[PDB]
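Residue numbers (the working numbering), protein chains in the order written: chain A, 7 to 207; chain B, 344 to 444; chain C, 3 to 55; chain D, 187 to 489. See below for the structure under consideration.
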RNA sequence: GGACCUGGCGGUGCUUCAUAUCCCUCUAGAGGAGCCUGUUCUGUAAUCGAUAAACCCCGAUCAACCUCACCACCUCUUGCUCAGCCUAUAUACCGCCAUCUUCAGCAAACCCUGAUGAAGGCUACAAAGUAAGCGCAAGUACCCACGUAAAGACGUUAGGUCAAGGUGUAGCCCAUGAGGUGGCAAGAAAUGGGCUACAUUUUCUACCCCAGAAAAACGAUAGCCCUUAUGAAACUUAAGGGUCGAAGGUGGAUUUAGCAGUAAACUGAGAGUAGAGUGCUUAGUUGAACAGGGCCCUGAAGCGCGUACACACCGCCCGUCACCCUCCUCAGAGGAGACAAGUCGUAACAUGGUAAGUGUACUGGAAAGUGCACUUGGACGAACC
Ligand SMILES: [K+]
Ligand SMILES: [Mg+2]
Ligand SMILES: [Mg+2]
Ligand SMILES: [Mg+2]
Ligand SMILES: [Mg+2]
Ligand SMILES: [Mg+2]
Ligand SMILES: [Mg+2]
Ligand SMILES: [Mg+2]
Ligand SMILES: [Mg+2]
Ligand SMILES: [Mg+2]
Ligand SMILES: [Mg+2]
Ligand SMILES: [Mg+2]
Ligand SMILES: [Mg+2]
Ligand SMILES: [Mg+2]
Ligand SMILES: [Mg+2]
Ligand SMILES: [Mg+2]
Ligand SMILES: [Mg+2]
Ligand SMILES: [Mg+2]
Ligand SMILES: [Mg+2]
Ligand SMILES: [Mg+2]
Ligand SMILES: [Mg+2]
Ligand SMILES: [Mg+2]
Ligand SMILES: [Mg+2]
Ligand SMILES: [Mg+2]
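Right, dumping it as structure tokens:
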């Protein structure tokens, strides 16, 4: 890394800086004073202060990226979000007044809830042994499972936006091959339950 | 007293090519055009073939001038990579230096 | 049938227990650092003398 | 030795006078800087290592501090700690211990000189352990709530260790602006940010929405103004070259942020720096190395 | 033969580590297809060298003739050279290098300990080490003081190169030298690397990123024909065009690289040629994911332990079965020793992979296995944990 170890990662959060001094604790005051003497890495070209920045969606776009085609990855992500929103609006209009209360229409909420539903609780590690999964690994496994399922060859000629929107809605409703894969992981963990003692941590 | 018989042959080839270059250029000018009659071009072809074999420029090989290495010869200095490295490392070539970037 | 609908409570307990185990690992690791190094340093100042001065 | 060093010093003075005469300058006012400049002109040397280039410094600088004899004609050393082999260091430790004893009986931008500095002061080789012991003793002395004499004695060993804002200028109409420059990858940009406007940014005379079709690059342009809550409060004219679309966007972002520092308050400037808007991203392409595919991709290990 | 020292080794103990590295984890590949190319095997009249890591787009930043050292035929003999030889010897060397090395050690000269043995020299609240010098480091180039370069000692593998050139030794001297004409270079078959793909995050077009069409087509840089570039000579090389629309549908074990402007993808330039690479060097653009657990698996370090090894485990070595000798007992046959290779195993030497051995008994191709008791000529890491 061209950055010397002294450089510190940038904190991009307007609220953190607009916070009044009075609300700050002594530890927080000391941290703010110290940061005035430290070097700060240049803000990456990916994340900004836009209120429409969703780190989960940014990470999903990065994962979907192929060969540094960030433009195409972003295009696919926005197309998927638009397709999800349009399907939700169509269902909302086609639905009765009662079901319109239930029918969600926010693509960001749909995406977050779908990935959360696809997050696996217990993993398997060679030691195979059932084991707890850290939160970062859970999120990455959810995202990778979603992307791999969308990239599966079983879908013929269907475009990635449509495929991913359909899979995302299925996951949001707790259905689809992604949830099936999570259930399969859980079932294998249950089957190897007896081997849980092999784990030394 | 050239380095080896191969370098001597290349020297002979260079001398012959320099001797016959003008005649070769003249005869090949007739062949390398689409204006003159095909019969004239064919007689020119047989003449250029009749010229001695060693006069062909393609037979000139760029051998190192100090060790007769037939390959790895830097044209600007006419020295095989080994001899060029020797002289440059000992610092006997102006400007050249070990590169680091 | 491996459906989270009712398992929510047990799954939450599992996650809390895993977090507690990780936190305990960290706390033990930090708290571990009389240690053998210090004890050996103390001993070297008073070496056993199986010979004669 | 004294005779050699004196001969060198006299020779250096005589050569200094000759150099002043050769350069046609006053021999008396000729300084070390003048000597260095004259020598550099007279013997141009492009060798990168400055120590390798010709030098005519004073013999005091040229020669090392070769230590004097420690025992007289009778063979009796001068320092009672002579046989310790580190008389200077151990005498210093003895003095520090005595000062600590006296303190006990009676009762921020400065670091500690590195082991190299301590060795230079003590004209004695030292080990890291010895230096650490000495530094710990000095720390105890300072913490002991000592007097002014002890503090000034410690000062012998103590060693003293924000963004800059461009100046606002005025255009033909007198309206205020600021100018800045930045670089990213191979891209280089220069930005002029005016004090008032409708958020209109013209890159190479083209509006940003047309120069950067990519929403990512447009967000990069937006980032500084959005950070400082000034969306639409300024107009900007930027000229960029080199690099690709993303490199140009980053360079323009950096230049615009640096210019905006001329207007935003100091608190906002510091917040921008902490957010990273005012740090030139050193990350550039890494040269391909011979025998490997790229900067780090080695060839497929054959078996 | 007994006891030790040093080193190598240990399917050796504990502890701490590996930061693209040992495992899991992340990305992209190879292993499945075609093509290009190197190597091996076959073939030929037809090089040579490298060839485990550290060979295999390697000597070559380059083979139609030449290059060429190879083969066939022909020709010359003081020959370009006060000759010549690409003849053997890299196990004589210089020269330039691989290698651990992604190491920090090597150290002359002193001093001390061991009863003045090989050898060893460590405790910082310090207990015999001091050390010039080399290396690291530092300094330097690139864009910082970062990172990448560069650098990286002494030694190991008698590691590579007698074919860069020189050189010792040995060898040919009407040829193992010199010259000319012509000629190989293909693929039964395998294998390494690279390229192109298998597509929808795709393909064609416009633009160079707000579009329209294709979509069982995608997919050859392959094959065949034609033209053009260079050249005396093109089926041989390259480019273009036409024609064809092939194999294949993300690929088993296993395996490679990568910690950030990196991987991945994409676009140029240069060296070298008359021409010639999907090869090499280099410039630039877009530009990721994990980065946390560990030591059950591989290596590193520290402290240890064992050692019948010292060409240092790719070691050493046991017994049978077959083979020649010398001696002994024996109605002819056995035993021993020696010479000596194979054979089957791996019994012992490290916890020798079931610790070893003594007595005794049963069993078995063969070292030997097991049973009962006994020895340490094994260990149990030596506070609590
Ligand atoms: K493959
Ligand atoms: Mg040529
Ligand atoms: Mg690896
Ligand atoms: Mg293949
Ligand atoms: Mg071969
Ligand atoms: Mg060979
Ligand atoms: Mg020929
Ligand atoms: Mg030939
Ligand atoms: Mg010959
Ligand atoms: Mg050798
Ligand atoms: Mg090397
Ligand atoms: Mg290097
Ligand atoms: Mg260095
Ligand atoms: Mg050898
Ligand atoms: Mg060899
Ligand atoms: Mg001959
Ligand atoms: Mg074709
Ligand atoms: Mg032609
Ligand atoms: Mg087609
Ligand atoms: Mg055994
Ligand atoms: Mg055993
Ligand atoms: Mg037994
Ligand atoms: Mg039995
Ligand atoms: Mg007894």
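Just so you know, even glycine gets a beta-carbon here, dropped at the ideal spot from N, CA and C.
Proximity test, Cβ basis, 7 Å: residue i and chain D
{"i": "residue 36 of chain A", "result": "no"}
{"i": "residue 183 of chain A", "result": "no"}
{"i": "residue 47 of chain A", "result": "yes"}
{"i": "residue 208 of chain A", "result": "Since the first residue shown for chain A is 7 and the last is 207, residue 208 of chain A is missing from the structure and cannot be characterised."}
Minimum Cβ-Cβ distance from residue i to chain C less than 7 Å
{"i": "residue 192 of chain A", "result": "yes"}
{"i": "residue 118 of chain A", "result": "no"}
{"i": "residue 138 of chain A", "result": "yes"}
{"i": "residue 152 of chain A", "result": "no"}
For residue j and residue i, believed in contact at Cβ under 8 Å, the rounded distance
{"i": "residue 427 of chain D", "j": "residue 374 of chain D", "result": "6 Å"}
{"i": "residue 440 of chain D", "j": "residue 349 of chain D", "result": "Residue 440 of chain D to residue 349 of chain D, Cβ: 12 Å. No contact."}
{"i": "residue 376 of chain D", "j": "residue 447 of chain D", "result": "Going by Cβ atoms, the distance from residue 376 of chain D to residue 447 of chain D rounds to 15 Å, so no, they are not a contact pair."}
{"i": "residue 193 of chain A", "j": "residue 402 of chain D", "result": "No, residue 193 of chain A and residue 402 of chain D are not in contact; Cβ-Cβ is about 41 Å, not under 8 Å."}
{"i": "residue 173 of chain A", "j": "residue 149 of chain A", "result": "In fact, because the Cβ distance is near 12 Å, the residues do not count as touching under 8 Å."}
{"i": "residue 54 of chain A", "j": "residue 409 of chain D", "result": "4 Å"}
{"i": "residue 90 of chain A", "j": "residue 165 of chain A", "result": "So it is not a contact: roughly 14 Å between Cβ atoms."}
{"i": "residue 97 of chain A", "j": "residue 109 of chain A", "result": "6 Å"}
{"i": "residue 51 of chain A", "j": "residue 406 of chain D", "result": "6 Å"}
Inter-residue Cα distance where the pair is residue i and residue j
{"i": "residue 193 of chain D", "j": "residue 353 of chain D", "result": "55 Å"}
{"i": "residue 382 of chain B", "j": "residue 392 of chain B", "result": "15 Å"}
{"i": "residue 241 of chain D", "j": "residue 345 of chain D", "result": "29 Å"}
{"i": "residue 252 of chain D", "j": "residue 309 of chain D", "result": "9 Å"}
{"i": "residue 436 of chain B", "j": "residue 430 of chain B", "result": "6 Å"}
{"i": "residue 179 of chain A", "j": "residue 72 of chain A", "result": "29 Å"}
{"i": "residue 54 of chain C", "j": "residue 269 of chain D", "result": "29 Å"}
{"i": "residue 428 of chain B", "j": "residue 475 of chain D", "result": "19 Å"}
{"i": "residue 233 of chain D", "j": "residue 306 of chain D", "result": "28 Å"}
{"i": "residue 290 of chain D", "j": "residue 343 of chain D", "result": "21 Å"}
{"i": "residue 440 of chain B", "j": "residue 432 of chain B", "result": "8 Å"}
{"i": "residue 41 of chain A", "j": "residue 452 of chain D", "result": "15 Å"}
{"i": "residue 7 of chain C", "j": "residue 14 of chain C", "result": "12 Å"}
{"i": "residue 101 of chain A", "j": "residue 66 of chain A", "result": "31 Å"}
Interface flag, residue i vs chain A, CB-CB below 7 Å
{"i": "residue 32 of chain C", "result": "no"}
{"i": "residue 8 of chain C", "result": "no"}
{"i": "residue 26 of chain C", "result": "no"}
{"i": "residue 48 of chain C", "result": "no"}
{"i": "residue 400 of chain D", "result": "yes"}
{"i": "residue 467 of chain D", "result": "yes"}
{"i": "residue 412 of chain D", "result": "yes"}
Close beta carbons around residue i, own chain, < 8 Å, minus the five adjacent residues each side
{"i": "residue 49 of chain A", "result": "16 and 18"}
{"i": "residue 345 of chain B", "result": "351, 354 and 411"}
{"i": "residue 47 of chain A", "result": "9, 13, 14, 15 and 16"}
{"i": "residue 248 of chain D", "result": "194 and 241"}
{"i": "residue 402 of chain B", "result": "356, 360 and 396"}
{"i": "residue 285 of chain D", "result": "327, 332, 336 and 339"}
Residues of its chain near residue i, where Cβ-Cβ distance is below 6 Å and the 5 sequence neighbours each way are ignored
{"i": "residue 353 of chain B", "result": "404 and 406"}
{"i": "residue 206 of chain D", "result": "213 and 216"}
{"i": "residue 404 of chain D", "result": "398"}
Chain-order list of residues whose beta-carbon lies under 7 Å from that of residue i (same chain, five-residue window excluded)
{"i": "residue 35 of chain A", "result": "none"}
{"i": "residue 454 of chain D", "result": "414"}
{"i": "residue 144 of chain A", "result": "125 and 126"}
{"i": "residue 188 of chain A", "result": "124 and 126"}
{"i": "residue 220 of chain D", "result": "211"}
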